[PDB]
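[1] Experimental coordinates follow, after the sequence.
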Amino acid sequence: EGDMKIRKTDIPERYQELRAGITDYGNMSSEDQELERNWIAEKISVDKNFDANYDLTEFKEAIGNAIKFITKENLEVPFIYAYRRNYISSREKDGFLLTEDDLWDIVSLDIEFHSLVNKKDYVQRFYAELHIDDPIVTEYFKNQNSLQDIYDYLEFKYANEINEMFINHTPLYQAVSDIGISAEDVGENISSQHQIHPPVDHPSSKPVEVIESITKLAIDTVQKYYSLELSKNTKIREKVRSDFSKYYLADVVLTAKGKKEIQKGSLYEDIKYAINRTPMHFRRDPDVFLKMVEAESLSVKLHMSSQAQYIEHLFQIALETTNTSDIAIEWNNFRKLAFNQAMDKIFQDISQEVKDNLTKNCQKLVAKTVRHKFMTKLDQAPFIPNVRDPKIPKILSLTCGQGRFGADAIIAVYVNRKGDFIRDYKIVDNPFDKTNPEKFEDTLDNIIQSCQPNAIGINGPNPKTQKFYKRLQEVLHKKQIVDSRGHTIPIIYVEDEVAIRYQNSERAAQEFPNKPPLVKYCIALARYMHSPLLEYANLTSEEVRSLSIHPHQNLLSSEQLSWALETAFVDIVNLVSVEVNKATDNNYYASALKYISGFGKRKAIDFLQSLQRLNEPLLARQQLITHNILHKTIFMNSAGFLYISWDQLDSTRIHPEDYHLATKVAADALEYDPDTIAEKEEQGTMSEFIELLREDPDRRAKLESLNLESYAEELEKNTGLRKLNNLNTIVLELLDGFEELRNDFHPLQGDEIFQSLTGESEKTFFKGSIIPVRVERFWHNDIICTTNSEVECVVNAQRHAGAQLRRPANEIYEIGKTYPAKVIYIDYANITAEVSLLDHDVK
């Protein structure tokens, strides 16, 4: 029972899921909070690339503002970006703005900072429990990844003392002493680089002798445990750390099978022997590193700029017998060996640390690009035909299946404006039937007259789908089926990456128990044209993670991928909004609910359930509180993303807290006297101004004439609020509540069509590539052939070395043989390319 705690708690669901591993989230010290504002500010300034002169004060203040909004006020990114833009951007035009990417970044870093503080507090509380006064560690929590090292140090040095802390809650060493310098002192030596503790040599006895006072099975052990003790010193490890994380390089080493895979043909023809690099190179191309990691499942070695020399150099700074006696020499050899063993070990650890941390760093860049690639998918407004009369289209979606025009039949589905499946069709007439061709025409026609669709969508497995498409246009023209404008109804290819997932899905078997796969496939296509957002939003987790979004996406950890996707969803889902009433009555449509700011997978259910008990439709937004449905904050996060189609302002992107402001702009737009306005205002009848502005036939001209720059200034000058952006989106909404703000729908065009039906990667069949082509039909002089991927390629009558030796081209080449040739024009739209077979273009 953790779900009741989430359903009840008045906090955004996503925040509860993030802070789940964080003890005492609220109570944080002052200092820690102070450091966090500055630390996050750093993590962002980077990508902003500011001038060395640039004064960061206003920028860091904006970061502070963002952190207040997230961590104390529990507002989510969408709310901050929609209704608080002026508190996270620079006052002066074009200074800085925290983009939405940035705000999600800030969320992540905050959680991360709290975790760190938890670990720090945990260790420091752990140390107080050892009632031991260790000078190293006490200095540590005064003066200042490193946490793990001190902790490891306590578990080593005070082992017994801790072994006893737990029970409570639930002579060889002389030789070490004879070395003339303690492990701790070496640490303190390095922080000064001068060597304030010179080692003292043994007074008389040699190394070997102090041993005899009790063979090689006893000299090894001492050296091993002294090596061990030396490698745990925090000061030393600290030194090596960081000097390594900046002055390191990358060495890639091939393996047994790693030398066969390459062959200069794979995409590693430029990292197969990469040696000696820098953090910059991977700053520039962070994918490069991940590639390596895929290839390895070669390997990846991180070396230092000069390791052999650095270690050698360490002796010049510390452990250095200036004395010329034999004894010092002997003692010194022991020390050098012990030291090298220890230092190798340290390097083996820090290499691994810096590698781990570089890996995570590249993963971070890739999560980002993945989120945008996916976001551009989500950010497609419903396809609208002609554009001159925005109207949601009735859809007829067709598929040519495997494309056997005399065996697979043509499948058609009809979907209406509301998105409803009305019926399906099985056209059995062969479109390219010799006698008669018209049979397949009148039936396609009948179906179009019975349905009157406004758009046609198609797609299929192979290039036969093309032939189908050409045909459909010829039928649309021969039969003269136009719109309102008189233009032939548009046919568009429709991204089908989701339809593929729906036809073989449980969600499909339940929705349509007795329709066949290809029908489920076309119903999808239609549904995609109506709302690409909702298609993605209706896949299962498995299904959403299985889309091919970015080639390097499989390089992310599940957590990172889950994150990239979810934030993209929240962004577009709140941009478009949700009709309460429409979600509470349509489960497909209520699928977008779980991503609205404040809500999650669990809150969405509970919310819909509250609405169903009401047994009547929701009227004003305000009723969300009166009826005891949402609490203060969850109501604040979600108020302006939940609308009621049509208190008239509940159908705009204007947030409730700004209503009283909205009515104030209307009164001034119309130029009402201040006496009249104040009068209505005392009464509490300001809303009336909205009606008066709605009636006025000149309404647009009066809004557009308000100077928002002048206006926001006066507002702030009187109330201490920054609402410029707010007023701006208000006026836009008063002109027209909830306009479509997604980018246009993007129908597959040329290269994408090609890439769809052919399945040929753009990096696999490109302009100027050599592709083996199998002659097929000849021509007076042109040679028609095909490739191995079902693409019809025409070799020009003048590109096959026919007119170079005169005489027909038939006699030269063999029907069906294969010949290497270089492609030269590709007609992506018509799945064909003109290719040249000349020796000069094959060499």
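    That came in fine, so what should we check first? Numbering: from 1, shown residues only.
[2] What ranges does the stretch 301-450 of the chain have for its strands?
    Listed in chain order, the strands of the stretch 301-450 of the chain (DSSP state E, counting those that start in this stretch) span residues 395-399, 410-415, 421-427.
[3] whoops, I mixed them up, the chain
    Counting by DSSP state E, residue ranges of the strands within the chain are 248-253, 299-304, 395-399, 410-415, 421-427, 455-458, 491-493, 578-579, 642-643, 770-778, 783-786, 792-795, 818-827, 832-836.
[4] returning to that earlier point: relative to residue 822, which of the strands of the stretch 301-450 of the chain is closest?
    Shortest separation from residue 822 across these is recorded for strand 395-399, at 34.6 Å, computed as C-beta to C-beta. To be clear about C-beta, it is placed using only N, CA and C from the backbone, and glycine gets the same treatment.
[5] Deepest-packed of the strands of the stretch 301-450 of the chain, please.
    Of all the strands of the stretch 301-450 of the chain, strand 395-399 has the most neighbours on average by mean count of other C-beta atoms under 10 Å, namely a mean of 27.
[6] returning to what we had before: what's the most buried one of the strands of the chain?
    Relative to the other members of these, strand 395-399 carries the highest mean neighbour count by mean count of other C-beta under 10 Å, namely a mean of 27.
[7] ok so, going back, just send the strands of the chain back as a markdown table, with distance to residue 360 too.
    As requested, the strands of the chain are arranged in a markdown table below (distance: least, C-beta to C-beta, whole Å):
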| stretch | distance to residue 360 |
| --- | --- |
| strand 248-253 | 15 |
| strand 299-304 | 14 |
| strand 395-399 | 44 |
| strand 410-415 | 45 |
| strand 421-427 | 46 |
| strand 455-458 | 42 |
| strand 491-493 | 40 |
| strand 578-579 | 35 |
| strand 642-643 | 37 |
| strand 770-778 | 41 |
| strand 783-786 | 48 |
| strand 792-795 | 47 |
| strand 818-827 | 41 |
| strand 832-836 | 44 |
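[8] At the geometric centre of the protein, which residue do we find?
    With distances taken as C-alpha atoms, centre = their mean, the residue of the chain nearest its centroid is residue 371 (2.5 Å).
[9] separation between the residue lying closest to that one once chain neighbours are set aside and residue 100?
    Nearest residue to residue 371, sequence neighbours excluded (C-beta to C-beta, 6 or more residues apart in numbering): residue 564, at 4.1 Å. Plainly put, residue 564 is 13 Å away from residue 100 if you go by C-beta to C-beta, to the nearest Å.
[10] Helices along the stretch 301-450 of the chain, start to end?
    Using DSSP state H, counting those that start in this stretch, the helices assigned to the stretch 301-450 of the chain run over residues 307-317, 326-378, 438-451.
[11] Nearest to residue 690, out of these?
    Each of the helices of the stretch 301-450 of the chain was checked against residue 690 via C-beta to C-beta, and the shortest separation belongs to helix 326-378, namely 32.4 Å.
[12] re the thing from before, among the strands of the stretch 301-450 of the chain, which comes closest to residue 457?
    In this view, the strands of the stretch 301-450 of the chain are compared for proximity to residue 457 by C-beta to C-beta, and strand 395-399 is the closest at 4.3 Å.
[13] now for the closest one, which elements pack on it?
    Applying 3 or more C-beta pairs under 8 Å, 6 or more residues apart in numbering; DSSP states H and E, one finds that strand 395-399 contacts strand 410-415, helix 438-451, strand 455-458, helix 464-478, helix 517-530.
[14] quick one: buried residues of the fourth one?
    What that stands for is helix 464-478. 464-466, 468-469, 471-472, 475-476 (16 or more other C-beta atoms under 10 Å).
[15] which two in these are spaced the farthest apart?
    Considering C-beta to C-beta, no two members of the buried residues of helix 464-478 lie farther apart than 464 and 476, which are separated by 19.2 Å.
[16] who touches the residue nearest to residue 371 in this structure?
    Residues near residue 564 by C-beta atoms under 8 Å, 6 or more residues apart in numbering: 367-368, 370-371, 374, 556.
[17] re earlier: tell me which of the helices and strands packed on strand 395-399 sits nearest to residue 339.
    The minimum distance between residue 339 and the helices and strands packed on strand 395-399 falls on helix 517-530, with 66.7 Å, by C-beta to C-beta.
[18] what's near enough to touch residue 476?
    Under the criterion of C-beta under 8 Å, 6+ apart, the contact list for residue 476 reads 456, 488-489, 491.
[19] quick one: which of the residues you listed is nearest residue 552?
    Nearest to residue 552 among those: residue 491, at 34.7 Å, using C-beta to C-beta.
[20] how about the nearest residue to that closest one, chain neighbours excluded?
    Spatial nearest neighbour of residue 491, excluding adjacent residues (C-beta to C-beta, 6+ apart): residue 456 at 4.3 Å.
[21] is it true that the one you found touches residue 494?
    No. No contact is recorded between residue 456 and residue 494 when judged using C-beta atoms under 8 Å, the distance being 9.7 Å.
[22] list residues touching both of these two?
    Contact with both residue 456 and residue 494 is made by residues residue 397, according to C-beta under 8 Å, 6+ apart.
[23] one step back: would TSV of the strands of the stretch 301-450 of the chain with distance to residue 299 be doable?
    Putting the strands of the stretch 301-450 of the chain into TSV (distance: least, C-beta to C-beta, whole Å) gives the following:
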stretch	distance to residue 299
strand 395-399	47
strand 410-415	51
strand 421-427	54
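[24] Out of the contacts of residue 476, the closest to residue 45 would be?
    For residue 45, the nearest member of these is residue 491. The distance, counting by C-beta to C-beta, is 50.0 Å.
[25] Next, the contact list for the closest one, please.
    Under the criterion of C-beta under 8 Å, 6+ apart, the contact list for residue 491 reads 455-458, 469, 472-473, 476.
[26] same question, residue 244
    For residue 244, the contacting residues are 304, 347, 350-351, 354, by C-beta under 8 Å, 6+ apart.
[27] Show me which of those are buried.
    By the neighbour-count criterion of 16+ other C-beta under 10 Å, the contacts of residue 244 include these buried positions: 304, 347, 350-351, 354.
[28] quick one: which of those residues is nearest residue 64?
    Using C-beta to C-beta, the shortest approach to residue 64 within these belongs to residue 354, at 31.6 Å.
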